[PDB]
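Working notes, structure below.
In this analysis, Cβ positions are derived from the backbone assuming ideal geometry, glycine residues included, and neighbour counts consider all displayed protein chains. All of the numbers you see were taken from the coordinates with simple rules; none came from a lab.
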Amino acid sequence: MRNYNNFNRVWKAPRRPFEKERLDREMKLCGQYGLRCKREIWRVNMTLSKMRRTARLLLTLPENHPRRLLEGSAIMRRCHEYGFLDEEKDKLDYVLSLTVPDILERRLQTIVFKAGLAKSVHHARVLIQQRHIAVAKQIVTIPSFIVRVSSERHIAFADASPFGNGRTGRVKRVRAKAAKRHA
Amino acid sequence: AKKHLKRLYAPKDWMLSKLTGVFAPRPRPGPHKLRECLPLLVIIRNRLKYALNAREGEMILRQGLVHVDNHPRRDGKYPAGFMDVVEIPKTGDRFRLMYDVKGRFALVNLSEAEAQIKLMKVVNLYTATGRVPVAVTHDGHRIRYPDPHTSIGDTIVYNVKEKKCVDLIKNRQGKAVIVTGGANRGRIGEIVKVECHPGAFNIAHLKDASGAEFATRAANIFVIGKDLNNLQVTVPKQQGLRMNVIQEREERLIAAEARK
Amino acid sequence: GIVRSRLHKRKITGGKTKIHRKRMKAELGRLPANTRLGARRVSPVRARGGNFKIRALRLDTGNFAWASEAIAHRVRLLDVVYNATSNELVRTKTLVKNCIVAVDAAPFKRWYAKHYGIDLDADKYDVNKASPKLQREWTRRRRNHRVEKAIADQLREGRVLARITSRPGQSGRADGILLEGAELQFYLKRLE
Amino acid sequence: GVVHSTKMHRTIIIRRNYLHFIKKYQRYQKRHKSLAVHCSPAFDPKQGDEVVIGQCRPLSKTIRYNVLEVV
RNA sequence: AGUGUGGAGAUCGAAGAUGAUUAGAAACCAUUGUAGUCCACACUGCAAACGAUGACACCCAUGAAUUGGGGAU
RNA sequence: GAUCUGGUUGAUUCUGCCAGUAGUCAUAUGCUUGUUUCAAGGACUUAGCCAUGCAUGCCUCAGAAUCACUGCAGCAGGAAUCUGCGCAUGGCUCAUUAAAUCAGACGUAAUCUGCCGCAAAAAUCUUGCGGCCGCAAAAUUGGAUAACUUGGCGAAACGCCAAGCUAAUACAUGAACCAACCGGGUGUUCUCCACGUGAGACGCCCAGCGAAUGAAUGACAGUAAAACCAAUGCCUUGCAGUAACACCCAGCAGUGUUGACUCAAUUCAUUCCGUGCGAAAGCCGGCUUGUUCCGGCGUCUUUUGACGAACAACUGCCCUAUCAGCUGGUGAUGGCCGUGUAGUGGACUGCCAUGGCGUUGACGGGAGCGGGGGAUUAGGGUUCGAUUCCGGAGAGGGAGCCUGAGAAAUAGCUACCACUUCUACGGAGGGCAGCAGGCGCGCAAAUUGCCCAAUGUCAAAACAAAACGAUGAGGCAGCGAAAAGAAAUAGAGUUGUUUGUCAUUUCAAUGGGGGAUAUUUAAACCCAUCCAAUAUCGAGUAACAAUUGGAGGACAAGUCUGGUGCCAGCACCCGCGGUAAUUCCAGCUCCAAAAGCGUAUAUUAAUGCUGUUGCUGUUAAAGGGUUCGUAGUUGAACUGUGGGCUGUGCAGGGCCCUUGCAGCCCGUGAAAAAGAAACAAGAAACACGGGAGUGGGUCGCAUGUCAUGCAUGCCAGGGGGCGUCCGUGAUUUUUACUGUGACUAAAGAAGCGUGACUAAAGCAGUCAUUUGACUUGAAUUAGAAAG
RNA sequence: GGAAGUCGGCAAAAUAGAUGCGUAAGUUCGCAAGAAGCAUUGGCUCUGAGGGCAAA
Ligand SMILES: [K+]
Ligand SMILES: [K+]
Ligand SMILES: [K+]
Ligand SMILES: [K+]
Ligand SMILES: [K+]
Ligand SMILES: [K+]
Ligand SMILES: [K+]
Ligand SMILES: [K+]
Ligand SMILES: [K+]
Ligand SMILES: [K+]
Ligand SMILES: [K+]
Ligand SMILES: [K+]
Ligand SMILES: [Mg+2]
Ligand SMILES: [Mg+2]
Ligand SMILES: [Mg+2]
Ligand SMILES: [Mg+2]
Ligand SMILES: [Mg+2]
Ligand SMILES: [Mg+2]
Ligand SMILES: [Mg+2]
Ligand SMILES: [Mg+2]
Ligand SMILES: [Mg+2]
Ligand SMILES: [Mg+2]
Ligand SMILES: [Mg+2]
Ligand SMILES: [Mg+2]
Ligand SMILES: [Mg+2]
Ligand SMILES: [Mg+2]
Ligand SMILES: [Mg+2]
Ligand SMILES: [Mg+2]
Ligand SMILES: [Mg+2]
Ligand SMILES: [Mg+2]
Ligand SMILES: [Mg+2]
Ligand SMILES: [Mg+2]
Ligand SMILES: [Mg+2]
Ligand SMILES: [Mg+2]
Ligand SMILES: [Mg+2]
Ligand SMILES: [Mg+2]
Ligand SMILES: [Mg+2]
Ligand SMILES: [Mg+2]
Ligand SMILES: [Mg+2]
Ligand SMILES: [Mg+2]
Ligand code: NA
Ligand code: NA
Ligand code: NA
Ligand code: NA
Ligand code: NA
């Protein structure tokens, strides 16, 4: 009753439920990137589709069209700052050829593993889930945190986490209480 | 009649979020139309931020602190529309309401003794009882004895303190005008030629300082000076020029980067 | 009650309008005055907006104006002699706008003598009593003005035809003007 | 419009013929509208003529326009 | 084909009759035969009423023919 | 992502449907459910029926208190009750409803309009003193009636009488002088001039706003000179100059507006009878405390401009012809005079004339409240919209009406029909399609919860101080697998059994959860912070144990089973089952999705199986038996290569030709001043200061001086050129289309910017740490058709 | 009260003139039809409408 906030959707199920090629390809993306289910991939697919559709529209207008000149320039900034597109790729046609693995490459769970912080991509997810990593000195507890290129050098352990400037973690805390009580 | 005004039905220039309030201050009748006015509660709370709530807004207004056209107003629903001098002596704000290039309301701060100088556009010329020529203006004021050369469409600069008109600016080509309606509203430009269609609306072709050729209905223009170079009163900070949106985007991105 | 809306009317196509709304006070009607000749009886009506309408029931006098002389006098109403709507309104002596009436012609005779010094019959005004300065004024007016025989004969008889120009059921008064020119000659044929 | 019928007294019927565009089929269709117009004795138009009408107050159940020219 | 009213009624022939065939066979076959079939006037308007192929217009490769009108020898 | 697959045959290629497949803020249901954010929620059917409680009331410096009310010592609060304002807004629901409602765009010059803004206001014979007269002047007006008291009636009743006081800003009456300008009608009135458009004073009758009737204004704008006569100006004793005016006013209006007004406003004549008008004959504050103190209010009239109301209608708006004619006694289309209305109008009476609508679908019938919008979609489209914003309508069904500015009002009245409740049987009551909640209906849908803290509404009203307004509107919680975003169920090792599985040995970490110095919050609950800062609990089967359908094909997953033996069954379709079941009824494993997954019914895509884009008609379904033939659709060519010069392109076969520039009376004629020829209505010929902010470009001296004449000129003239207005003239030119622009509510959909930790969001916020910058931002779009 | 009387509505009752509106099945399209049914009606005092002849 008179509630006025949007709640949209971010994913779509595949049209053909049982494709051997699609099921095996999606299972490869799950283990290789450490995802809990296929909805993360389908979220990525919807994310990539939307940029593709608006790009498709922009390339039909002349390069001097103010809508093309403004929204084309904007979508380049969105691609470069989030690391999706290489900075020397300046044309609007390189957005079209964007791929699914490129988007998950910028996920924090991927970047944490690739920076040497996490030995495995599954270690990265739980480590992020356990408030152990801070981006620009801000705790992030979400594996799907797409990181900008300018914030890549600020990735570190959170100053509150046991691995760093914070107090000791749970195991070193509960067992210490056990020894003191046993006295 | 109706007394409530819904949040969504409220004018967009008031900048009230659709999540905080279900209702909005319905502007009680007065000098300005409720579609073209900021209620004195909205002005004192959402624009000047002197009031935290609406309950703290009635505290200020009922005290008689807020002066409009050299007159204290106590009702929070007071229209307090365009080209009015608002003064709060406790803080000495002494600003007037104007329209910026994007068409929104602007609290243009005024200098000392500039508050006395105020303009208003003649909308109707008629005789009152006893053969008295009377001119009513966009503010709703009635001038009992105007200039013999004053016509409809001209603006008289009117002294609020003296309660007397001091000069007249006739609506002709080659004058400085500011648009008051539509998306074109808030742009200062020069009347190059006005096309007169009897019965229907009149079309005013304008040309601002930068050379942009734009038009609008003649009921939206407001003479503000004799020429584009010299204006009677101060205008919002953009100087009435709407620059390109792409260049609007580039400069603010550069300025934001210059901070870092 | 009585309504003035178009919902009960047939469409120009002849179809029947299906009404989906109850009657409204903003479209009401009232019962007519049927104002008759008699001693002054009126009834106020509280119209919309607080204003009062004076529903006249009977009337006997009103200001009747001589148009060609820009003069008007209060006279009593003697009879109603013509109605363009129906004979039943004449027969019942119903006072409505544009109805032809007969009024007392005495004040117009007194005024004419006081103004031009021409007593048509020739308390009562005496022309010869006027100071000698006045006859100079009368001579100036007599060259400016020339009266019609048809009207003058009506003054001599004592009753003059007139036409009601007010709405008795709306304003509560029965004012009129005297029939002059071709308008009078139009109604004389019907009355004959 | 065009004078359609002059069979009343001081009143004429005019036709406003126009083409309506159907968006789905990308094509037009001929449509017409009828108006009852008061005609002064200064004009005396004929069937098939051409008139200019102007909007006035309700003059009758159907009349809201008055003849301004006859072409 | 059927209907109405007047004709006509040679042949053929729904219905019907008789004889065969047949397990049965007023079916195919045989001999007949009414209405029809033919005409005038008036109805009906139901076809494999078909080229199972709507009408109008333009372009369109080849050989031998065919019907009507023209031109040349 | 502009996508298909299984089923007709012994096989084949088609047509064609069935079945499959994905989505739905799309409903129900079955199974299952650890965290968090954001949420729809008795619409579908019965606009069915309902107990209870609440939902619209309101007071301060500022209308009224002698509460036998309170506290102090007359003051300050102040119940009740008059008075004033509001209750016509909000909130529900969607029954009615197709030239109606509605959307966009226009009107009201056809009107009404409380609260709110800005203005205007000279009518008025009053009062205290002696007998209408005289004196005098800060006007020292009059009756009620509330509350309250007494008596009370009545079962009760949001029921009632009678008597005594008593107020107000309730009701009524009424203010002469101080205090003007202004004109009309007059006097057998007085002073004069010659012997009447003569002049001057004085007496009286009217000359206020508004309303009624009538008369005049509310402009002209297509000619130049003389006589003549009467009157009146002047010079002096005949017409040059010259506003108008027989003074106390020597310019105190010869000039409203609109596109257009019978409008605004002014003058003249008659009129206002309750159906109008006070300086409320009002209240409160300040100082210098004033028969002239200065403010804040409050109110009656008049006025317009805002907030609204009502009416009208330019284009648009589902299915149906097994609905073809509709309307017109007794209004149907129009006219005349009226009536009624706030106003126009056949809205209505009387009288006239036959009109008005329809195959471009009238009339009738059926389903529906209309938009903004939702779902789906390559595009075109198809479909849904009771539901939060806007418009309309209703309050069981009907119909009438009072008050009020505004109601045909319903938590207002009156009546009838259906139902209904209390009663002392005399009688009196009711209207949840408000909130919360019951019964029935159903496949189907929350708590008789907290609070005015935010947003707003009303109100006599800032807050505070004996001093705290109402609010089931609304906000915040409970229930809530409609739906949506982020996300648990674990991360690493050493040894043995290139990898990899399995049995070990462990290691560290976080959350669910338990709490708090506390934070949030009206208070709470939720989230966020923390497990001491000297001092804050907890995961190893990390039992803090994941389900729903399947495993012949479509369609990912088995030579395992075991029975039934065409049975029991499965199976959306094809099919499985008749004793070695591919399909049945279970284990394991495996598959798919996953805190989610089946089933049913609708709808979109699939579907080029509705085809405008974009289908098919020989034989698959489908060209009418043939001609004629109206509406309807479609419809053949033609007014039409512009030329020259310089430079330039692998030009090409002095000429033609791309690109760039300058010329062209830009066919021919006839001379670009003129005239002529083309044109030119956005043109030309007249003609208007009341046309141009003083008649547009091109420092003392003339007028005159009883003049704020303190005013005018200071180039003379001519000539054309133009911004405005009017009249006269083209044997008069539009529309579709297309390019720009104006006009156009949010919510919703795109989109710029924005690390709300991310996202679904929101329009915020960022920085130095500062007594503030960013003169912070809140961009831009699209949104049918018609105008 | 209303056919319960009686073989049986026998007999009686009942409807009724004129004007306007309205009228079903069936049909040989002519009818059925006065189908069936509603409504008005008096007396007075008026007002309209419907004509003949003569005159430049
Ligand atoms: K949405
Ligand atoms: K207008
Ligand atoms: K035979
Ligand atoms: K009251
Ligand atoms: K009329
Ligand atoms: K609504
Ligand atoms: K099985
Ligand atoms: K098309
Ligand atoms: K055929
Ligand atoms: K009976
Ligand atoms: K018997
Ligand atoms: K009968
Ligand atoms: Mg025959
Ligand atoms: Mg035979
Ligand atoms: Mg056939
Ligand atoms: Mg065929
Ligand atoms: Mg077959
Ligand atoms: Mg299917
Ligand atoms: Mg409402
Ligand atoms: Mg409905
Ligand atoms: Mg809708
Ligand atoms: Mg419904
Ligand atoms: Mg209602
Ligand atoms: Mg009900
Ligand atoms: Mg009601
Ligand atoms: Mg109720
Ligand atoms: Mg009721
Ligand atoms: Mg309820
Ligand atoms: Mg087996
Ligand atoms: Mg299924
Ligand atoms: Mg579909
Ligand atoms: Mg389709
Ligand atoms: Mg398709
Ligand atoms: Mg097909
Ligand atoms: Mg076939
Ligand atoms: Mg052609
Ligand atoms: Mg030439
Ligand atoms: Mg939005
Ligand atoms: Mg008998
Ligand atoms: Mg019949
Ligand atoms: Na046989
Ligand atoms: Na054939
Ligand atoms: Na032939
Ligand atoms: Na087969
Ligand atoms: Na009997």
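Can you give the helix-only mean residue ellipticity at 222 nm for chain C, where every DSSP H stretch with n ≥ 4 adds -39500 (n - 2.57) and the sum goes over all residues, rounded to the nearest 500 deg cm²/dmol?
Helices in chain C give a 222 nm mean residue ellipticity of -7500 deg cm²/dmol.
Per residue, how much space in cubic angstrom lies within the convex hull of the C-alpha atoms of segment C:66-154?
Hull volume normalised by residue count: 123 Å³.
Taking 22 Å as the cut-off for C-alpha to C-alpha distance, list the pairs among C:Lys53/C:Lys97; B:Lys2/C:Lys53; B:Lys33/B:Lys121; B:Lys193/B:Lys226; C:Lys109/C:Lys149 that go past it.
B:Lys2/C:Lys53
Just flag the trypsin sites (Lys or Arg not before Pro) in segment D:3-36 sitting in loop per DSSP whose Cβ has no more than 15 other Cβ atoms within 10 Å.
The qualifying sites are D:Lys7, D:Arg10, D:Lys23, D:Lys24.
Which of the three applies to chain B, rounded, prolate or oblate, going by the alpha-carbon gyration tensor with a ≥ b ≥ c and a/c under 1.5 meaning rounded?
Judged from the Cα gyration tensor, chain B comes out oblate (a/c at least 1.5, b/c at or above a/b).
Rounded to the nearest 500, what is the 222 nm mean residue ellipticity of chain B from helices alone, with -39500 (n - 2.57) per DSSP H run of 4+ residues and division by all residues?
Calculated from helices alone, the mean residue ellipticity at 222 nm is -2500 deg cm²/dmol.
Nearest 5 percent is fine: what portion of the DSSP beta bridges confined to the protein assembly as shown is antiparallel?
95
When DSSP beta bridges are limited to those with both residues in chain C, what percentage is antiparallel, rounded to the nearest 5?
85
Which value results for Rg/Rh of the protein assembly as shown when Rg is the Cα radius of gyration and Rh the Kirkwood radius based on the inverse mean 1/r?
My calculation puts Rg/Rh at 1.16.
Can you pull out the GluC sites (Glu not before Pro) in segment B:38-127 whose DSSP state is coil and whose Cβ has at most 12 other Cβ atoms within 10 Å?
Answer in residue order: B:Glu112.
Which whole-Hz couplings ³J(HN,Hα) result when phi for each residue of segment C:131-137 is put into the Karplus expression 6.51 cos²θ - 1.76 cosθ + 1.60, θ = phi - 60°, listed in order with x for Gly and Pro?
Each residue's phi maps through the Karplus curve to give 5, x, 5, 6, 4, 5, 5 Hz.
Quick check: convex hull of the Cα atoms in segment B:1-43, volume per residue, rounded to a whole Å³?
Enclosed volume per residue, from the Cα hull, is 73 Å³.
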